[PDB]
K.L.:
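Structure incoming, see below.
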Amino acid sequence: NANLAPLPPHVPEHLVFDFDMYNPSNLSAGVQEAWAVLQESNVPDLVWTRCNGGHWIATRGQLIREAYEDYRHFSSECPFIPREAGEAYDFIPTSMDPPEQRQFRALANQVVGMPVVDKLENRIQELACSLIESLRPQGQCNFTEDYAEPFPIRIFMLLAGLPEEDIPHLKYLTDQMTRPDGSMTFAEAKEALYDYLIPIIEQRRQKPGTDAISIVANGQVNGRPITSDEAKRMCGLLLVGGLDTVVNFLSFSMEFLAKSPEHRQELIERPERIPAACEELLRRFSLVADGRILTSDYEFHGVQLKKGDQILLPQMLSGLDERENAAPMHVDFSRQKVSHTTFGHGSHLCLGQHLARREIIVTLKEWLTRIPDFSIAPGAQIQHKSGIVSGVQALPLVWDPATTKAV
Ligand code: HEM
Ligand SMILES: CC1(C)[C@@H]2CC[C@@]1(C)C(=O)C2
Ligand SMILES: [K+]
């Protein structure tokens with residue numbers, strides 16, 4: 001086929017497995033299931049796909065974890081497939097390796113870390129309760145538009161001190177960086193995102209505020225003042241993490257819960273299991289997959305990797321590996337050792353994961369106590385979409401208002 005880059009001389013023929021991360025063949029069975037074909041019998045630990053310009057894929061948690069730990073061989077400098085995307089990608093601190101990475105990571109951790117989440121608690125609680133109550137007596141909703149998008153996005157826009165009317169523009173930009181529809185390259189989307197931030201960063205360096213953008217723009221890295229460019233590159237990433245992560249994960253969880261009455265009942269009768277259920281859903285419905293670039297020629301697990309070779313290291317795949325979790329496709333809220341790399345692994349561990357867990361846990365509690373019984377709209381065929389971050393196209397839900405409660 002014409003979508004397959006010619007196999008490089010140095011890549012073994014028997015290791016070819018043409019997986020397409022933006023449109024995987026088994027997509028209709030579910031996106032996690034679609035990626036899981038990389039872990040079927042007779043598929044190697046490390047394969048090469050000729051799709052998307054050609055790149056390596058580590059298919060098992062063992063290799064995914066090791067590579068993320070080895071930044072000297074596997075650089076974050078070019079972290080996105082395809083190559084053109086990875087080269088344009090200059091977000092901070094993600095496009096940097098240690099030692100230079102760390103000083104910027106401490107600054108970002110200040111604006112979205114645990115202490116910030118704690119002071120955001122009550123507004124997060126209120127917004128969820130507000131959205132769910134307004135939806136409740138209607139007996140139906142389009143969950144992606146009606147909750148999964150505005151709940152975490154409005155929360156981030158509050159944190160960042162940005163107007164909610166900007167959401168449609170910014171959301172479109174982030175989605176082109178993760179699941180491009182074709183209208184925009186990563187380079188064009190990033191430049192437009194930077195174009196948005198530039199005058200906001202300048203004005204908030206003259207009149208500082210208490211919002212995340214003011215804090216980054218006026219911050220210091222290892223004792224020296226952060227530049228305008230640096231702040232722009234850091235803020236841009238924060239918008240991506242805030243607009244296209246939790247949004248997608250909530251839909252996966254709620255799609256599951258609508259199709260599994262036994263599981264809803266388990267959390268209704270025992271609400272104190274909601275944190276544990278959150279982690280299991282985080283495992284079973286993992287959704288992010290980026291990677292690294294080789295700094296030099298390097299033999300990795302019997303395979304010869306050449307300098308400049310890209311390797312996808314799918315965070316999603318680790319927890320779905322039966323070698324980390326028995327019956328990985330089954331959801332067990334009582335699962336004893338929930339193993340995953342959903343928030344990443346190595347020096348680039350997710351800084352927003354504490355914000356993410358709170359948003360997930362609150363949604364679960366506040367939805368189940370108000371709308372305990374619900375399901376998918378009759379006849380609805382749920383479509384998923386695949387990319388750097390995967391998601392749900394639409395999730396139509398129905399319920400009987402009489403079965404609901406007000407808290
Ligand atoms: C379900 C929720 C989320 C998931 C599964 C997730 C996933 C990930 C992954 C896999 C990475 C590492 C990427 C790599 O190693 O190249 C990462 C890093 C990062 N995330 Fe999250 N993310 C989530 C939510 C959020 C939120 C809400 C924010 C809010 C700002 C955020 C901000 C960041 C930042 C700034 C980094 C960069 C860390 C670094 O490069 O050192 N994320 N995330
Ligand atoms: C891969 C990510 C999920 C992580 C946070 C947002 C994201 C798209 C970034 O590029 C780093
Ligand atoms: K780059």
Side-chain angles (χ1 to χ4, degrees), residues 4-5 7-22 24-26 29-76 78-83 86 283-284 286-330 337-349 386-388 390:
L4 306 173
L7 187 72
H10 80 283
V11 184
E13 282 72 19
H14 67 97
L15 284 189
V16 173
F17 185 100
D18 305 304
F19 185 82
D20 177 10
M21 60 170 291
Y22 293 104
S25 66
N26 198 26
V31 68
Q32 288 77 19
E33 289 85 346
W35 283 70
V37 313
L38 282 159
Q39 304 178 324
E40 289 180 357
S41 57
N42 313 316
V43 187
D45 285 357
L46 182 55
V47 304
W48 173 275
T49 188
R50 298 179 290 183
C51 298
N52 297 306
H55 60 92
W56 299 103
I57 314 175
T59 71
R60 299 280 169 179
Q62 174 189 45
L63 281 80
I64 289 170
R65 292 170 180 268
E66 288 175 13
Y68 274 129
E69 293 166 11
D70 186 5
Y71 56 85
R72 297 206 167 96
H73 284 126
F74 301 103
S75 179
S76 285
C78 183
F80 275 25
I81 303 298
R83 185 172 303 275
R283 182 198 61 86
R284 173 59 175 85
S286 207
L287 74 176
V288 179
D290 74 348
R292 303 296 189 250
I293 188 173
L294 276 294
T295 56
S296 58
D297 298 343
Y298 178 53
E299 185 184 339
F300 185 66
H301 289 250
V303 184
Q304 289 286 342
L305 313 176
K306 206 190 180 313
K307 180 187 165 69
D309 278 2
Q310 296 196 266
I311 180 165
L312 187 70
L313 301 167
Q315 285 88 1
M316 180 200 305
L317 278 191
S318 300
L320 301 180
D321 189 1
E322 65 171 15
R323 301 181 188 167
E324 287 195 11
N325 302 284
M329 303 303 298
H330 178 58
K337 189 181 176 181
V338 184
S339 175
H340 66 78
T341 57
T342 302
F343 292 110
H345 191 89
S347 72
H348 283 272
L349 282 163
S386 181
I388 297 285
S390 292

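Values reported hereafter were calculated over all heavy atoms of this structure, with side chains retained and with hydrogens, waters and symmetry mates removed. Count residues from 1 along the sequence.
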K.L.:
Between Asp290 (side chain) and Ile388 (backbone), is there a donor-acceptor pair under 3.5 Å?
P.N.:
no
K.L.:
Just do the side chain to side chain contact (heavy atoms under 4.5 Å, CB included) check on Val303 and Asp45 with the steps written out, would you?
P.N.:
CA-CA 10 Å; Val303 184; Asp45 285 357; over 6 Å; no
K.L.:
Starting at NE2 of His301, measure out to CD of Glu66 and round the result to the nearest 0.5 Å.
P.N.:
3.5 Å
K.L.:
Please report the shortest heavy-atom distance between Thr295 and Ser75, naming the atom on each side.
P.N.:
CG2-CB, 3.6 Å
K.L.:
Evaluate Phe300 against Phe74 for side chain to side chain contact (heavy atoms under 4.5 Å, CB included), listing each step before the verdict.
P.N.:
CA-CA 11 Å; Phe300 185 66; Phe74 301 103; 4.0 Å; yes
K.L.:
Check whether any side-chain heavy atom of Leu15 sits under 4.5 Å from a side-chain heavy atom of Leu46, and report yes or no.
P.N.:
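Side-chain contact under 4.5 Å: no.
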K.L.:
What do the steps show when you test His348 against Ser76 for side chain to side chain donor-acceptor pair (under 3.5 Å), and what is the final call?
P.N.:
CA-CA 9 Å; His348 283 272; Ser76 285; 3.3 Å; yes
K.L.:
So do the side chains of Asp70 and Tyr298 get within less than 4.5 Å of each other, counting heavy atoms only?
P.N.:
yes
K.L.:
Taking side chain as C-beta onward, heavy atoms only, is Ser286 less than 4.5 Å from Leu320?
P.N.:
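A side-chain contact is absent here, since even the closest heavy-atom pair is not under 4.5 Å.
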K.L.:
Side chains of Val43 and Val37, heavy atoms from C-beta outward: is any pair under 4.5 Å?
P.N.:
no
K.L.:
Which atoms form the tightest heavy-atom contact between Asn325 and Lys337, and what is the distance?
P.N.:
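Looking at all heavy atoms of both residues, the shortest contact is OD1-O, 3.2 Å.
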K.L.:
Is it true that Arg65 and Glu324 make a salt bridge, defined as a side-chain N closer than 4.0 Å to a carboxylate O?
P.N.:
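Salt bridge present between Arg65 and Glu324.
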K.L.:
Looking only at heavy atoms, what is the nearest atom pair of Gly54 and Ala5, with distance?
P.N.:
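Taking every non-hydrogen atom into account, N-CB, 4.4 Å.
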K.L.:
For residues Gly387 and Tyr22, report the shortest heavy-atom separation together with the two atoms involved.
P.N.:
CA-CD2, 3.6 Å
K.L.:
Could you tell me whether a side-chain N or O of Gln32 sits under 3.5 Å from a main-chain N or O of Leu287, the two making a donor and an acceptor?
P.N.:
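Looks like no, no N/O pair under 3.5 Å.
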K.L.:
Quick check: does any side chain N or O of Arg60 sit under 3.5 Å from a backbone N or O of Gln39, one acting as donor and the other as acceptor?
P.N.:
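Side chain of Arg60 to backbone of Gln39: a pair is present.
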K.L.:
Do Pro328 and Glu322 have side chains that get closer than 4.5 Å, going by heavy atoms?
P.N.:
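Answer yes - side chains close enough.
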K.L.:
Nearest 0.5 Å please: distance from the NZ atom of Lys306 over to the OG atom of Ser296.
P.N.:
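It is 10.0 Å, given to the nearest 0.5 Å.
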K.L.:
I'd like to know whether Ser339 forms a side chain to side chain contact (heavy atoms under 4.5 Å, CB included) with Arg283, so could you lay out the CA-CA distance, the side-chain angles of the two residues, the decisive distance to 0.1 Å, and finally the verdict.
P.N.:
CA-CA 7 Å; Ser339 175; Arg283 182 198 61 86; 5.9 Å; no
K.L.:
Are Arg292 and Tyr68 side-chain neighbours, meaning at least one heavy-atom pair lies under 4.5 Å?
P.N.:
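Yes, close enough: below the 4.5 Å cut-off.
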K.L.:
Does the side chain of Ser386 reach to within under 4.5 Å of the side chain of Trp35, using non-hydrogen atoms?
P.N.:
yes
K.L.:
Give the minimum heavy-atom separation between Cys51 and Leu4, together with the two atoms involved.
P.N.:
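Smallest heavy-atom distance, with atoms named: SG-CD2, 3.8 Å.
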K.L.:
Test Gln315 against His345 for side chain to side chain donor-acceptor pair (under 3.5 Å), laying out the working first.
P.N.:
CA-CA 8 Å; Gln315 285 88 1; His345 191 89; over 6 Å; no
K.L.:
If you define the side chain from C-beta out and look only at heavy atoms, does anything of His10 sit under 4.5 Å from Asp309?
P.N.:
yes
K.L.:
What's the shortest heavy-atom distance between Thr341 and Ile64, and which atoms?
P.N.:
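Heavy-atom minimum between the residues: OG1-CG2, 4.4 Å.
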